[PDB]
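Everything below concerns the one structure shown next.
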Amino acid sequence: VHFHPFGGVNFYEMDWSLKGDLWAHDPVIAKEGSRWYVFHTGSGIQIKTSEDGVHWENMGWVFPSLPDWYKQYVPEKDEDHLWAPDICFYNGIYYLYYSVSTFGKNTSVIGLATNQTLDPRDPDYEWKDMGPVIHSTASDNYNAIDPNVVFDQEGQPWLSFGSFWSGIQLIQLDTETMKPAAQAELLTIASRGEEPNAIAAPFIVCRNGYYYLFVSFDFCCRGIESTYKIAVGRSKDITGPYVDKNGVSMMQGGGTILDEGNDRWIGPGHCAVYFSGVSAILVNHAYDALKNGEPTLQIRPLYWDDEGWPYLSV
Ligand SMILES: [Ca+2]
């Protein structure tokens with residue numbers, strides 16, 4: 001995938017028993033040269049790095065001081081945690097989307113930071129504040145958090161996002177600004193069709209002509225009482241309809257469950273999917289029942305059955 005490159009690597013041959021600093025919530029991964037990077041929710045957007053994808057070490061944060069413009073959109077925010085970053089690589093630039101919000105409310109904005117490289121040793125390393133991308137107010141029926149960028153097969157970038165309210169949203173981005181046009185249409189593409197509407201954390205990939213929408217159902221952020229699960233549906237067209245294995249639209253609660261956790265890893269969710277040659281990984285967090293519900297990075301090989309549906313190995 002040009003915007004999520006992983007060079008050669010065969011994820012299916014690797015030993016994904018992770019080690020090191022593995023606290024993480026809402027993680028994404030990028031690889032640049034020999035170095036791997038995790039970005040995740042936390043103060044100023046937290047960063048981890050690794051030489052091999054398996055041994056992780058904490059590596060600072062993106063914003064030491066938060067941009068003043070956040071207060072124009074979320075004036076009640078009064079701590080420095082930024083949520084649910086998303087990374088892609090295009091035209092030589094790293095695009096890091098992220099969420100500014102307060103828990104329980106949809107007064108929210110997705111921001112964009114860019115860098116020429118992810119390696120802080122390089123002289124060109126500098127996370128630049130490129131401002132707001134899309135926002136929600138309490139008058140809106142969506143929540144501007146949880147960004148994901150995908151480029152469709154034809155090279156058009158799209159932003160999916162959303163959490164609760166009317167559900168998952170989709171909007172085209174322009175290739176040069178990597179922001180939506182001011183008159184771009186906002187499309188709703190998935191919903192539980194329940195109240196409250198516990199769907200969030202979209203991630204779209206394309207494989208063999210189909211777009212796969214991965215989402216998280218149910219509740220994060222409750223330690224061992226979290227009920228997150230990962231669900232998926234697919235569509236031949238980026239704009240939908242996304243449908244699950246049973247033919248049920250993701251706008252009416254459809255979604256095939258990929259992982260609902262177990263008695264050791266609770267509430268797995270907020271996932272990302274990456275490819276390398278013919279292999280793939282699922283990245284997510286899960287709440288550790290043996291360690292006070294602490295959210296923990298998980299990376300697992302992701303397989304694809306003969307009808308194209310993803311599945312985890314055992
Ligand atoms: Ca995400």
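Chains: A, B, ... in order of the structure tokens. Residues: from 1 per chain. Ligands: from 1, in order shown.
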I want to know what sits within 10 Å of region 125-135 of chain A, based on only C-alpha atoms, with residues of the same chain fewer than 6 positions away left out; could you give that as a PyMOL selection string? chain A and resi 61-63+66-67+69-70+73-74+94-101+106-119+142-145+147+159+161+171+173+177-182
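Among all protein and nucleic acid residues, the ones that lie within 7 Å of ligand 1 when counting only C-alpha atoms and all ligand atoms are residues 26, 27, 28, 84, 85, 86, 146, 147, 148, 201, 202, 203, 270, 271 and 272 of chain A.
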Pull N, CA and C atoms from the residues just selected and write them as a compact mmCIF listing (two decimals), in the first residue's frame.
```txt
# COMPACT_ATOMS: atom_id res chain seq x y z
N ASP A 26 -5.63 3.04 21.03
CA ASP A 26 -5.94 3.54 19.69
C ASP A 26 -4.68 3.68 18.81
N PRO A 27 -3.90 2.60 18.67
CA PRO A 27 -2.61 2.70 17.98
C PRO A 27 -2.69 2.62 16.46
N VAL A 28 -1.73 3.27 15.82
CA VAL A 28 -1.42 3.09 14.38
C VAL A 28 0.09 2.89 14.28
N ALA A 84 -6.43 9.06 19.19
CA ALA A 84 -6.71 8.29 17.98
C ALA A 84 -6.00 8.82 16.74
N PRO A 85 -4.66 8.89 16.81
CA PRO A 85 -3.89 9.38 15.65
C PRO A 85 -3.96 8.40 14.49
N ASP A 86 -3.77 8.93 13.28
CA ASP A 86 -3.69 8.10 12.07
C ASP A 86 -2.53 8.59 11.24
N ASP A 146 -11.46 10.07 15.68
CA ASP A 146 -11.15 8.74 15.12
C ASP A 146 -10.85 8.77 13.62
N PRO A 147 -9.97 9.63 13.14
CA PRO A 147 -9.72 9.70 11.69
C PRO A 147 -9.04 8.47 11.13
N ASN A 148 -9.29 8.17 9.86
CA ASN A 148 -8.47 7.23 9.07
C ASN A 148 -8.42 7.76 7.64
N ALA A 201 -14.14 4.33 15.47
CA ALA A 201 -12.81 3.89 15.11
C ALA A 201 -12.72 3.23 13.74
N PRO A 202 -13.19 3.88 12.70
CA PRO A 202 -13.15 3.24 11.35
C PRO A 202 -11.75 3.14 10.80
N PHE A 203 -11.54 2.11 10.00
CA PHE A 203 -10.26 1.93 9.29
C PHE A 203 -10.63 1.26 7.98
N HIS A 270 -10.26 -0.53 18.43
CA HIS A 270 -9.60 0.61 17.78
C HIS A 270 -8.41 0.11 16.96
N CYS A 271 -8.78 -0.52 15.83
CA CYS A 271 -7.79 -1.28 15.06
C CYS A 271 -7.28 -0.57 13.82
N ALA A 272 -6.21 -1.14 13.28
CA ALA A 272 -5.54 -0.68 12.05
C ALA A 272 -5.09 -1.95 11.34
```
Identify which of the residues A:265, A:164, A:275, A:228 lies closest to residue 105 (chain A), counting only C-alpha atoms when measuring atom-to-atom distances. A:164
Write down as a count of residues only the residues belonging to region 27-131 of chain A that are assigned strand (DSSP E) by DSSP computed on the backbone. 55
With only C-alpha atoms as the counted atoms, please give the residues lying no more than 9 Å from region 29-32 of chain A, apart from itself and same-chain residues fewer than 6 positions off, as a list in words. residues 4, 5, 6, 7, 38, 39, 40, 53, 86, 87, 88, 89, 117, 118, 119, 272, 274 and 283 of chain A
Mind writing the picked residues with C-alpha atoms as a PDB file, in the first residue's frame?
```pdb
ATOM      1  CA  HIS A   4       1.373   2.599   4.425  1.00  0.00           C
ATOM      2  CA  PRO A   5       4.605   1.078   3.093  1.00  0.00           C
ATOM      3  CA  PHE A   6       6.288  -1.866   4.896  1.00  0.00           C
ATOM      4  CA  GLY A   7       8.949  -2.833   2.395  1.00  0.00           C
ATOM      5  CA  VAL A  38       3.546   3.513  16.930  1.00  0.00           C
ATOM      6  CA  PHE A  39       1.449   6.622  17.463  1.00  0.00           C
ATOM      7  CA  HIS A  40      -1.330   6.402  20.003  1.00  0.00           C
ATOM      8  CA  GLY A  53       8.205  -4.296  15.169  1.00  0.00           C
ATOM      9  CA  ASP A  86      -3.695   8.102  12.074  1.00  0.00           C
ATOM     10  CA  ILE A  87      -0.533   8.071   9.941  1.00  0.00           C
ATOM     11  CA  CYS A  88       0.000   7.913   6.198  1.00  0.00           C
ATOM     12  CA  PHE A  89       2.857   8.743   3.839  1.00  0.00           C
ATOM     13  CA  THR A 117      10.466  12.176   8.352  1.00  0.00           C
ATOM     14  CA  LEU A 118       9.572  10.117  11.435  1.00  0.00           C
ATOM     15  CA  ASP A 119      13.216   9.842  12.617  1.00  0.00           C
ATOM     16  CA  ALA A 272      -5.541  -0.682  12.053  1.00  0.00           C
ATOM     17  CA  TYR A 274      -1.469  -3.064   7.245  1.00  0.00           C
ATOM     18  CA  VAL A 283      -3.066  -3.778  15.140  1.00  0.00           C
TER      19      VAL A 283
END
```
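Excluding residue 255 (chain A) and any residue on its chain fewer than 2 positions from it, the residues at most 8 Å away by only C-alpha atoms are residues 231, 232, 233, 243, 244, 245, 248, 249, 250, 253 and 257 of chain A.
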For residue 289 (chain A), find every residue with an atom within 12 Å (counting only C-alpha atoms), except residues of its own chain fewer than 4 positions away, and show them as a VMD selection string. chain A and resid 222 to 226 261 to 268 293 to 296
What's the 7 Å shell around residue 235 (chain A), counting only C-alpha atoms, without same-chain residues fewer than 4 positions away, as a ChimeraX atom specification? /A:210-212,240-243
Please run DSSP on the backbone and report, as a compact mmCIF listing (two decimals) with N, CA, C and O atoms, in the first residue's frame, all residues within region 29-85 of chain A that come out as helix (DSSP H, G or I).
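Below you can see part.txt, which holds the result:
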```txt
# COMPACT_ATOMS: atom_id res chain seq x y z
N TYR A 70 -6.98 24.92 19.09
CA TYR A 70 -7.87 23.90 19.66
C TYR A 70 -9.00 24.53 20.43
O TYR A 70 -10.12 24.07 20.47
N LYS A 71 -8.73 25.65 21.09
CA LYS A 71 -9.68 26.28 21.97
C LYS A 71 -10.80 26.95 21.21
O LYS A 71 -11.86 27.22 21.74
N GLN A 72 -10.60 27.25 19.92
CA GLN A 72 -11.69 27.77 19.08
C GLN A 72 -12.79 26.74 18.86
O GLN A 72 -13.93 27.09 18.58
N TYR A 73 -12.44 25.46 18.96
CA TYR A 73 -13.36 24.35 18.66
C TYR A 73 -13.81 23.57 19.88
O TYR A 73 -14.91 23.03 19.94
```
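Each of A:153, A:166, A:313, A:58 was compared to residue 136 (chain A) using only C-alpha atoms, and A:166 turns out to be the nearest.
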Contacts of region 49-51 of chain A at 9 Å (only C-alpha atoms; same-chain gap of 2+ positions) as a list in words: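 Within the cut-off, the hits are residues 34, 35, 36, 37, 38, 39, 47, 53, 54, 55, 56, 57, 58 and 59 of chain A.
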Using the selection just defined, write its residues with N, CA and C atoms as a short mmCIF file (atom, residue, chain, number, x, y, z; two decimals), in the first residue's frame.
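Written out: again-v3.cif:
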```cif
data_model
loop_
_atom_site.label_atom_id
_atom_site.label_comp_id
_atom_site.auth_asym_id
_atom_site.auth_seq_id
_atom_site.Cartn_x
_atom_site.Cartn_y
_atom_site.Cartn_z
N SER A 34 14.58 1.17 8.53
CA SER A 34 14.69 0.08 9.47
C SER A 34 13.92 0.34 10.77
N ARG A 35 13.32 1.53 10.90
CA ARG A 35 12.62 1.84 12.14
C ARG A 35 11.08 1.78 11.99
N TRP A 36 10.46 1.22 13.02
CA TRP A 36 9.01 1.14 13.14
C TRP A 36 8.54 2.15 14.21
N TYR A 37 7.32 2.67 14.01
CA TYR A 37 6.77 3.69 14.91
C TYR A 37 5.32 3.36 15.25
N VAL A 38 4.97 3.54 16.52
CA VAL A 38 3.55 3.51 16.93
C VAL A 38 3.19 4.94 17.36
N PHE A 39 2.03 5.44 16.90
CA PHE A 39 1.45 6.62 17.46
C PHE A 39 0.19 6.20 18.16
N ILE A 47 4.38 8.59 21.18
CA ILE A 47 5.11 7.85 20.15
C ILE A 47 5.91 6.73 20.76
N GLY A 53 9.64 -4.23 15.04
CA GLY A 53 8.20 -4.30 15.17
C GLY A 53 7.67 -5.00 16.40
N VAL A 54 8.59 -5.57 17.19
CA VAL A 54 8.23 -6.46 18.29
C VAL A 54 8.67 -5.95 19.64
N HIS A 55 9.89 -5.42 19.72
CA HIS A 55 10.43 -4.80 20.94
C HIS A 55 10.20 -3.29 20.86
N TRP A 56 9.34 -2.76 21.73
CA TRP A 56 8.87 -1.38 21.66
C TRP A 56 9.44 -0.56 22.82
N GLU A 57 9.75 0.68 22.46
CA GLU A 57 10.23 1.59 23.47
C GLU A 57 9.57 2.96 23.30
N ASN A 58 9.19 3.52 24.46
CA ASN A 58 8.55 4.82 24.45
C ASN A 58 9.50 5.88 23.84
N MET A 59 9.06 6.81 22.99
CA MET A 59 9.87 7.76 22.17
C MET A 59 9.27 9.16 22.12
#
```
For residue 174 (chain A), the closest of A:238, A:220, A:149, A:198 counting only C-alpha atoms is A:149
